[PDB]
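Novice: Pasting a structure here, questions to come.
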Amino acid sequence: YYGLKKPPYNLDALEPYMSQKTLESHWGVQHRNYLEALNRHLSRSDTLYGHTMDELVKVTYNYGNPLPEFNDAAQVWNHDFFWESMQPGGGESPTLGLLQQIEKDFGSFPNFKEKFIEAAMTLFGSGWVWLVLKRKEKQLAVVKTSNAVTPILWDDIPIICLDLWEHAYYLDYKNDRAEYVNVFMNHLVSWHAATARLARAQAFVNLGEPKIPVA
Amino acid sequence: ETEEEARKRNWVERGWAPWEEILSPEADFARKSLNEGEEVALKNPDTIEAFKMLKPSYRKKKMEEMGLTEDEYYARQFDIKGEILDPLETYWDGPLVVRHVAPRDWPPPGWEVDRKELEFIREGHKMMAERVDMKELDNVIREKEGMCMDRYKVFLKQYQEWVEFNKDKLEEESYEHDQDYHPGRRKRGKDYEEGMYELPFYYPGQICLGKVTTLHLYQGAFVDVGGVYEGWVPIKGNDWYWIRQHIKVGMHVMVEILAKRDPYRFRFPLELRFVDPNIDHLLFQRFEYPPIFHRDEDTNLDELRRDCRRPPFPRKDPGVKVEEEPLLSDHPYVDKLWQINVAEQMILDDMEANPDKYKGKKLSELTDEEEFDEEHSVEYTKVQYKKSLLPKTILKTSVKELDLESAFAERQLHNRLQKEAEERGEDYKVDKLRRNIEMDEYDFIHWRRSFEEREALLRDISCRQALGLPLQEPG
Amino acid sequence: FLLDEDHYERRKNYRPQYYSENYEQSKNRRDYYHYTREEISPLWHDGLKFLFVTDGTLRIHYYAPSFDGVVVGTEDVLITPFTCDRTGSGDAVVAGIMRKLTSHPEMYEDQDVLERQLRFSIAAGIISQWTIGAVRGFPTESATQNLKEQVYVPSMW
Amino acid sequence: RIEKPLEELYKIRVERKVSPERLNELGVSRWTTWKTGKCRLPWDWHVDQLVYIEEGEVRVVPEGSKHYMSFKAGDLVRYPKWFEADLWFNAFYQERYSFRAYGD
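Residue numbers (my numbering), protein chains in the order written: chain A, 495 to 709; chain B, 331 to 805; chain C, 1300 to 1456; chain D, 1036 to 1139.
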């Protein structure tokens, strides 16, 4: 039934940047409502109860034709990722491991920051922005998705996700995404979480060179 | 290029790997004596040894002077040659605090269980969300008993009855579908030891331990987890050149389930990754799609793909938009109305214009003349046009499907008008009868279907372009 | 036919789904199955002294009260494709078996002598297929011995 | 072993024996009608179609299949996008269809 996964910090941890009421509404009401709808939908079907969360997301989204299940499940997964993609008083420069990959694939941290801001600004409507790995090419890339679409659906491992829905930044920032995205990239991202996710993704994607024998 | 990148090309692309060859002493001498020349004195060291080792009595002298007795001098030629890697070391990431919850895919489809019992069980799944700190982990109760596992106990009772009932059925089916035994198949027959776990006992997320009982060069390592179905860690190609120096037969390892699959369709139903040791830094070639079974029972190749969730067979792009196109106006039933209408007039004009042919014209209740069957119509008849024999159409339209009463009254009404119009000369306005009105009506109904289907595409194309969903189905 | 036609026809036409077993199974040669003494048991009784199963002239399986085995032979009718007629070869095989049984009375309890003397019958059966007519071309003893010595290695004969 | 019904394989969601409360919320009354007899209609749906067969049968066969599904009065078939079926009609058949795009 996938009970609520608590964020790794209290609802007032990010008060100077994300208001306590914003955390109470985003997680207490919205995420809980999505999960409750998913629970009601899971009660009926029994072939969807035997599916993992990733399998449920990947199956209820058909090959382009979502069932009356994709929205709620994908929203629940995306919000889990979003909550786990922060840390109190975090941000700033990255740490070892991730920095070399970003520099190799993007060029420098400021380059990544500019590309992330630009790709967040070029979204219309409600959606999410992502920094994900890419299989079959092994390269970090900034990607964009609309509504409740996730980069998982085409064999991409998400590493960082940012909510661009208007229901996130309206209690304190009203009608501008510049302040919201700048605050997220400055004092809200969790390079520890991104590093952990990249380390886990290293199991399924090999970012390295083989040890060829001299022979 | 040089032999540092060109050699690299063979490994990464063409799968080259310097697998060691176990040459017999007769074949060993050939490789170490053909470098010098055709027929020259053999003065090269390590070549005289090969020549001197052709005598078995000298091999006995060599081994005994080094020792190792027998049965070990034979086994020392199979050793890996080259860069012998330093041995594995497996760290961890903290305590292995675990829950004990029933697998989600319970009960199996077809099995019947009281839903109230499961509604109590399913609360265990909903509890796999809270996290645990090192605080409250120092408060280990440490009393060896009094474990509050209750929902898992209920699942064990239900699972235990399931095993004792369907075991005979399951073993019979495995003897029916799969002919021979391969790792990843049902452990049937003499190899079935009572007490093995079944497939429903497993689920992704669980961390297991087992022994490595089989290494396959093209499939990976098969670890006996403890069930009727073995595990499968996908390792292929030349990755085994380094991995084989870490994983050996009989090793006890700790694994985690990534995904369990249907044993009937997918070849290896259990997929695992090595948690102890960790060889994630050595794996480079990975399976894009899990292996499956292509059985004779699968008659349609477009149902097989939906079973395994594989991309369909691509079709060459026609290039047309399929958005602006002639709307369909034909109707399937019209091609039978043409046969029905023709049969009416073929019998009518042979009944009223020539009434004496069939004495009485009782078309209000007329019965059939010849026995008719629905599933035969081969009417082509080799119709000749004074040139050659080319097929035409004269098909069977037995009166069972024929409604003569409607046309019987109508033709007399039309025949009255033509005989009364010879005098005054009024234009005989007869162009459409009852059947020919149904032809245009049914073509109108099919037009409405094709009208809205093209109408809904206008909104559908716009929606899938404002968001990003595909327009043409993948592949 | 006397034991089970369907079972012994399904067993003959069988190839493994994955991998062979020894190596000979990986060559798809002909099936020369040597029936075990527990399969021919329903056709066995106390008074029996010998059971012979002939797969043409190719092989002869012999079963005795205390031992059993198979004698290996060959055939060739394409050596003379225009004057080949298999009719009457089984009679020659049986006649050679009887002749060697009566000539050598020690074949009953000596497996080596039994195997050595059972190749004469195979040679006779091979020769009998090289001519048209059952009684026209039955082989002579000297011709049978000549073919036995020409086909079989000196160690066997 | 039960093979997965061809009904669900293509993700066709059928509601056999529809209750009357369901229909009024869905408004099947204002749906364009379609009818036929002994027929065989091959179609290549580009849009989702909600069907309310009123009398008859369909015996739908997907393209290339050697099996068939079957339907009758009181169904709510949901033939999906990009489907390629081979509807084989026998006797009279009536229906109400309400082609639907992304949403609702």
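C-beta: ideal position from N, C-alpha, C; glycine also.
In or out: B/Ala336 buried (at least 16 other Cβ within 10 Å) or exposed?
Specialist: Position 6 of the second sequence, counting from 1, holds the residue named residue 336 of chain B. The residue in question, B/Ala336, is exposed, as its Cβ has fewer than 16 Cβ neighbours within 10 Å.
Novice: What are the residues of the stretch 1063 to 1084 of chain D that lie near chain B, defined by any Cβ-Cβ distance shorter than 7 Å?
Specialist: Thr1067, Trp1069, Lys1070, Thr1071, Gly1072, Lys1073, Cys1074, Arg1075, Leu1076, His1081 and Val1082
Novice: From this set, B/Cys793, B/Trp341 and B/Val427, which residue's C-alpha is nearest B/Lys465's C-alpha?
Specialist: Counting from 1 along the second sequence, the entry for residue 465 of chain B is found at position 135. For B/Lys465, the nearest C-alpha among the options comes from B/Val427.
Novice: Can you tell me the Cβ-Cβ gap for B/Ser354 and B/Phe381, rounded? I've got them flagged as a contact below 8 Å.
Specialist: For this step, residue 354 of chain B is matched to residue 24 along the second sequence. For this step, residue 381 of chain B is matched to residue 51 along the second sequence. 14 Å between Cβ atoms; not a contact.
Novice: Could you check the C-alpha separation between C/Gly1432 and C/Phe1351 for me, to the nearest Å?
Specialist: Position 133 of the third sequence, counted from the start, is the residue given in the question as residue 1432 of chain C. Position 52 of the third sequence, counted from the start, is the residue given in the question as residue 1351 of chain C. Looking at the two C-alpha atoms, the distance is approximately 25 Å.
Novice: Does the CB of B/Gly514 have a neighbour CB from chain D at under 8 Å?
Specialist: As a position in the second sequence, residue 514 of chain B is number 184, starting the count at 1. Judged by the 8 Å Cβ criterion, B/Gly514 is not in contact with chain D.
Novice: In chain order, what are the residue ranges of uninterrupted beta strand (DSSP E) at least 3 long that sit wholly in the stretch 575 to 604 of chain A?
Specialist: none
Novice: Do you know whose CA, among A/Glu578, A/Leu634 and A/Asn565, lies nearest A/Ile596's CA?
Specialist: For the purposes of this step, residue 596 of chain A is taken as the residue at position 102 of the first sequence. Of A/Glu578, A/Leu634 and A/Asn565, the residue nearest in Cα terms is A/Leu634.
Novice: Give a yes or no on whether the minimum CB-CB distance between residue 1516 of chain C and chain B is below 8 Å.
Specialist: Residue 1516 of chain C lies beyond the range of chain C shown here (1300 to 1456); nothing can be said about it.
Novice: Measure how close the beta-carbons of D/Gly1109 and D/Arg1051 come, nearest whole angstrom, since I'm counting them as under 8 Å.
Specialist: Locating residue 1109 of chain D in the fourth sequence gives position 74, where the first residue counts as 1. Locating residue 1051 of chain D in the fourth sequence gives position 16, where the first residue counts as 1. Going by Cβ atoms, the distance from D/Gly1109 to D/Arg1051 rounds to 7 Å, so yes, they are a contact pair.
Novice: Taking 8 Å as the threshold (C-beta atoms), are C/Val1392 and C/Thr1439 in contact?
Specialist: To locate residue 1439 of chain C, count along the third sequence from 1; it is residue 140. To locate residue 1392 of chain C, count along the third sequence from 1; it is residue 93. It is not a contact, given that the beta carbons lie outside the stated cut-off.
Novice: Can you give me the C-alpha to C-alpha distance between B/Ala739 and B/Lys730, rounded to a whole angstrom?
Specialist: Position 409 of the second sequence, counted from the start, is the residue given in the question as residue 739 of chain B. Position 400 of the second sequence, counted from the start, is the residue given in the question as residue 730 of chain B. Roughly 19 Å between the two C-alpha positions.
Novice: Assign B/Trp572 to one of two classes, buried (16 or more other C-beta atoms within 10 Å of its C-beta) or exposed (fewer than that).
Specialist: Counted from its first residue, the second sequence places residue 572 of chain B at position 242. Label assigned to B/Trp572: buried.
Novice: Which residues of the stretch 541 to 557 of chain A have a Cβ closer than 7 Å to any Cβ of chain D? Give them in chain order.
Specialist: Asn556
Novice: With DSSP collapsed to three states, give me the class of B/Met584.
Specialist: Working through the second sequence from its first residue, we reach residue 584 of chain B at position 254. Three-state result, B/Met584: strand.
Novice: Mind listing the chain A neighbours of B/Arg434? Cutoff is C-beta to C-beta under 7 Å, in chain order.
Specialist: Here the question's residue 434 of chain B lines up with position 104 in the second sequence. Residues of chain A passing the Cβ test: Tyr543 and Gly544.
Novice: Taking B/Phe381 as the query, report the chain A residues whose CB atoms sit under 8 Å from its CB, ordered along the chain.
Specialist: Residue mapping note: residue 381 of chain B aligns to position 51 of the second sequence, counting from 1. In chain order: nothing, as chain A lies at least about 26 Å away.
Novice: Between B/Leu787 and B/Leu801, what straight-line distance do the alpha-carbon atoms span, to the nearest angstrom?
Specialist: On the second sequence, position 457 is the one that residue 787 of chain B refers to. On the second sequence, position 471 is the one that residue 801 of chain B refers to. Whole-angstrom Cα-Cα distance: 10 Å.
Novice: Mind checking who B/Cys538 pairs with in its DSSP beta bridge?
Specialist: Here residue 538 of chain B refers to the residue found at position 208 when the second sequence is read from its first residue. Paired residue(s): B/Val585.
Novice: Of all the residues that make up the stretch 720 to 738 of chain B, which are near chain D by a beta-carbon distance shorter than 9 Å?
Specialist: Listed by position, the residues of the stretch 720 to 738 of chain B near chain D (Cβ gap below 9 Å) are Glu731.
Novice: Given that D/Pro1115 touches chain A, what residues does it touch there, using C-beta distances under 7 Å?
Specialist: Locating residue 1115 of chain D in the fourth sequence gives position 80, where the first residue counts as 1. The answer, in chain order, is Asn559.
Novice: When you compare only the Cα positions, how much space is there between D/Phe1106 and D/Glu1130?
Specialist: Translated into the one-based positions of the fourth sequence, residue 1106 of chain D becomes position 71. Translated into the one-based positions of the fourth sequence, residue 1130 of chain D becomes position 95. Taking the straight line joining both Cα atoms gives about 12 Å.
Novice: Just confirm the distance between the C-beta atoms of A/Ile706 and B/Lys338, as a whole number of angstroms; I'd bet it's less than 8 Å.
Specialist: For the purposes of this step, residue 706 of chain A is identified with residue 212 of the first sequence, where counting begins at 1. For the purposes of this step, residue 338 of chain B is identified with residue 8 of the second sequence, where counting begins at 1. With 8 Å as the limit, A/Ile706 and B/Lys338 qualify as a contact, their Cβ atoms being about 6 Å apart.
Novice: If you pair each beta-carbon of the stretch 518 to 527 of chain B with each one of the stretch 465 to 484 of chain B, do three or more pairs fall below 8 Å?
Specialist: In short, these stretches do not touch, since the Cβ pair count stays below three.
Novice: Going along chain B in order, which residues have a C-beta closer than 8 Å to the C-beta of C/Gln1316?
Specialist: Position 17 of the third sequence, counting from 1, holds the residue named residue 1316 of chain C. The answer, in chain order, is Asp508, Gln509, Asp510 and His512.
Novice: Look at the alpha carbon of D/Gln1084 and the alpha carbon of B/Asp770, and state the distance between them as a whole number of angstroms.
Specialist: Indexing the fourth sequence from 1 puts residue 1084 of chain D at position 49. Indexing the second sequence from 1 puts residue 770 of chain B at position 440. Whole-angstrom Cα-Cα distance: 25 Å.
Novice: Taking 8 Å as the CB-CB cut-off, is D/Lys1107 touching chain A?
Specialist: Translated into the one-based positions of the fourth sequence, residue 1107 of chain D becomes position 72. So, not an interface residue.
Novice: Report the CB separation of B/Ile565 from B/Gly550 in whole angstroms; it is logged as a contact under 8 Å.
Specialist: By 1-based counting over the second sequence, the position of residue 565 of chain B is 235. By 1-based counting over the second sequence, the position of residue 550 of chain B is 220. Correct: roughly 4 Å between the Cβ atoms.
Novice: What's the call for C/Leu1413, buried or exposed, on a 16-neighbour Cβ count within 10 Å?
Specialist: Counting from one through the third sequence, the residue named residue 1413 of chain C turns up at place 114. By the 10 Å Cβ count, C/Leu1413 comes out buried.
Novice: For A/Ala695, which residues from the same chain have a beta carbon less than 6 Å from its beta carbon, with the 5 sequence-adjacent residues on both sides left out?
Specialist: What you label residue 695 of chain A is simply residue 201 of the first sequence in a count that begins at 1. Excluding residues within five positions, the ones whose Cβ falls inside 6 Å are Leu627 and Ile651.
Novice: From which residue to which residue does the alpha helix (DSSP H) around A/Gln514 run?
Specialist: Here residue 514 of chain A is taken as the residue at index 20 of the first sequence, counted from 1. It spans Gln514 to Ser519 - the alpha helix (DSSP H) in which A/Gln514 sits, taken as one unbroken run.
Novice: Answer yes or no: do B/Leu600 and B/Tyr532 have a C-beta to C-beta separation smaller than 8 Å?
Specialist: Position 270 of the second sequence holds residue 600 of chain B. Position 202 of the second sequence holds residue 532 of chain B. Yes. Within cutoff.
Novice: Taking Cβ-Cβ distances below 8 Å as the criterion, which residues of the stretch 496 to 524 of chain A are in contact with chain B?
Specialist: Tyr496, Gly497, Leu498, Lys499, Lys500 and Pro502
Novice: What residues in the stretch 331 to 360 of chain B have a beta carbon less than 7 Å from any beta carbon of chain A?
Specialist: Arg337, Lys338, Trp341, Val342 and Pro348
Novice: Have a look at B/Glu753, B/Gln669, B/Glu654 and B/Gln742 and flag the residue whose alpha-carbon is nearest the alpha-carbon of B/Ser728.
Specialist: On the second sequence, residue 728 of chain B is found 398 positions in, with the first residue counted as 1. Of the listed residues, the one whose Cα sits closest to B/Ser728 is B/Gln669.
Novice: Among D/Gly1091, D/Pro1097 and D/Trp1066, which residue has its Cα nearest to the Cα of D/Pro1040?
Specialist: Here residue 1040 of chain D refers to the residue found at position 5 of the fourth sequence. Considering only alpha carbons, the answer is D/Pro1097.
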